[PDB]
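Residue numbers (the numbering used here), protein chains in the order written: chain A, 311 to 527; chain B, 2 to 218.
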């Protein structure tokens, strides 16, 4: 019943490797005229989707051989013979016959060597404290894989409230990821404690990376 | 040479309705079907509906009947999508694209996309805070842009000279208010020896602030 399902949700592949993106429809999607309008589109961060494959296996003017589209009936596949760094982004299959439907998309991430993040912590600025607020920022830059955990500690105790994180898209140049976690408290609660901590646990280590600062220093 | 230019970013209030346009050129506007696609932030594409500018023929995805209203104006080679009874769920980028037949059978050309934000919060300049390290060969500095609305915002370091080693994180929702941060890494012999400044430009409130990163102790 129209559902266009894609797998995997996220596909990690080192440069030069092969990539297989699957797309299944819940019903036979062949048009009464005999043709099968299944298309594939690619969309990189902050850009408009691009056409790669139409009618299942046909490539669009300007798309390299490395891209293959196969399948029929209810199953279709997209293959990237030799993944480049410029291939990362999200791939969507699209059924173009009546009641056009997009698949969920398959994020193509480029695999590189594991890299531990570089953590940096920053106390509130005098200007903010003057405003009555108190933000403590912590940057965890250029790490891989993305799977990362940040835990805040005010005088040893974990704090989950007022914590906001944001992540960058895999860097097109070095394929690393970066994250920024921000613990926000009012100035008064900020000044009733002394040691603020930022902890990051990442696949690259057992002993997590800890960066702190004492208000009394 | 075929290109679709779409109207600019829009901020609307719940219950309101907005109308966007898709100006086409490069082909015979009235011969091809023009499609519309929605994309919630951090989400996949979704087919909205289509219209045949030739004779104002339309088709909508059941999900968009009464929500979207498509029209085209032959003489101006312009397609329009009007969204009514807006809610947060309609906040997204909307693309228009031409479906070609012959050389290819798909959506080969897309618009740059129109951004729509549904919210009942007014323009608010951002407060910019310097993130200096408390107390290595490289050193990381930062800039905290907090409490602004709506998107977007421009952040550069030193008018732009400092480009590499920068990580401006995605804006996060802070209760009807947006918040992002930017980090930059430079040589120890460069800073604090030489001052570093972040520039924050908030379009919506025509605000431009320059913040120096002053060391501490």
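Beta carbons: idealized from backbone N, C-alpha and C, even for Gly.
{"Check": "Does residue 152 of chain B come out as helix, strand or coil in the three-state DSSP assignment?", "Outcome": "coil"}
{"Check": "Please state whether DSSP places residue 480 of chain A in a helix, a strand or coil.", "Outcome": "coil"}
{"Check": "Please report the distance separating the alpha-carbon of residue 25 of chain B from that of residue 371 of chain A.", "Outcome": "20 Å"}
{"Check": "Is there a Cβ from chain A that is less than 8 Å from the Cβ of residue 53 of chain B?", "Outcome": "no"}
{"Check": "Within 8 Å of any Cβ in chain B, is that where the Cβ of residue 381 of chain A sits?", "Outcome": "no"}
{"Check": "Quick one: grab the DSSP three-state call for residue 395 of chain A.", "Outcome": "helix"}
{"Check": "Which residue comes first and which comes last in the beta strand (DSSP E) that contains residue 179 of chain B?", "Outcome": "179-188"}
{"Check": "Is it true that the CB of residue 12 of chain B sits closer than 8 Å to the CB of residue 23 of chain B?", "Outcome": "no"}
{"Check": "Within 8 Å of any Cβ in chain B, is that where the Cβ of residue 361 of chain A sits?", "Outcome": "yes"}
{"Check": "Say whether chain A places a C-beta atom closer than 8 Å to the C-beta of residue 153 of chain B.", "Outcome": "no"}
{"Check": "Can you grab the Cα-Cα spacing for the pair residue 427 of chain A / residue 69 of chain B, in whole Å?", "Outcome": "45 Å"}
{"Check": "In the DSSP assignment, find the beta strand (DSSP E) that holds residue 337 of chain A and state where it starts and stops.", "Outcome": "Careful: residue 337 of chain A lies outside any beta strand (DSSP E) and carries neither H nor E."}
{"Check": "Mapping DSSP to helix, strand and coil, what is residue 63 of chain B?", "Outcome": "helix"}
{"Check": "Thinking residue 50 of chain B and residue 65 of chain B are a contact (beta carbons under 8 Å), I'd like their distance in whole angstroms, please.", "Outcome": "6 Å"}
{"Check": "Kindly list the residues whose CB is nearer than 6 Å to the CB of residue 168 of chain B, restricted to its own chain and excluding five residues on each side of it in sequence; keep chain order.", "Outcome": "184"}
{"Check": "Please report whether the beta-carbon of residue 103 of chain B lies at a distance below 8 Å from any beta-carbon of chain A.", "Outcome": "no"}
{"Check": "Nearest to residue 285 of chain B by alpha carbon, out of B:188, B:217, B:19 and B:179?", "Outcome": "Because residue 285 of chain B is not part of the residues shown, which for chain B are 2 to 218, the question remains open."}
{"Check": "Name the chain A residues whose beta carbon is nearer than 8 Å to that of residue 141 of chain B?", "Outcome": "428, 430, 449 and 451"}
{"Check": "Please return the same chain residues whose Cβ sits closer than 6 Å to the Cβ of residue 116 of chain B, not counting the five positions on each side in sequence.", "Outcome": "10 and 94"}
{"Check": "Taking only runs of the beta strand (DSSP E) that begin and end inside the segment 435-463 of chain A, which ones reach a length of at least 3 residues, in chain order?", "Outcome": "443-453"}
{"Check": "Any chance the segment 114-130 of chain B sits against the segment 434-454 of chain A, with 3 or more Cβ pairs inside 8 Å?", "Outcome": "yes"}
{"Check": "Decide if residue 212 of chain B is buried, meaning its Cβ has at least 16 other Cβ atoms within 10 Å, or exposed.", "Outcome": "buried"}
{"Check": "With DSSP as the reference, label residue 497 of chain A as helix, strand or coil.", "Outcome": "helix"}
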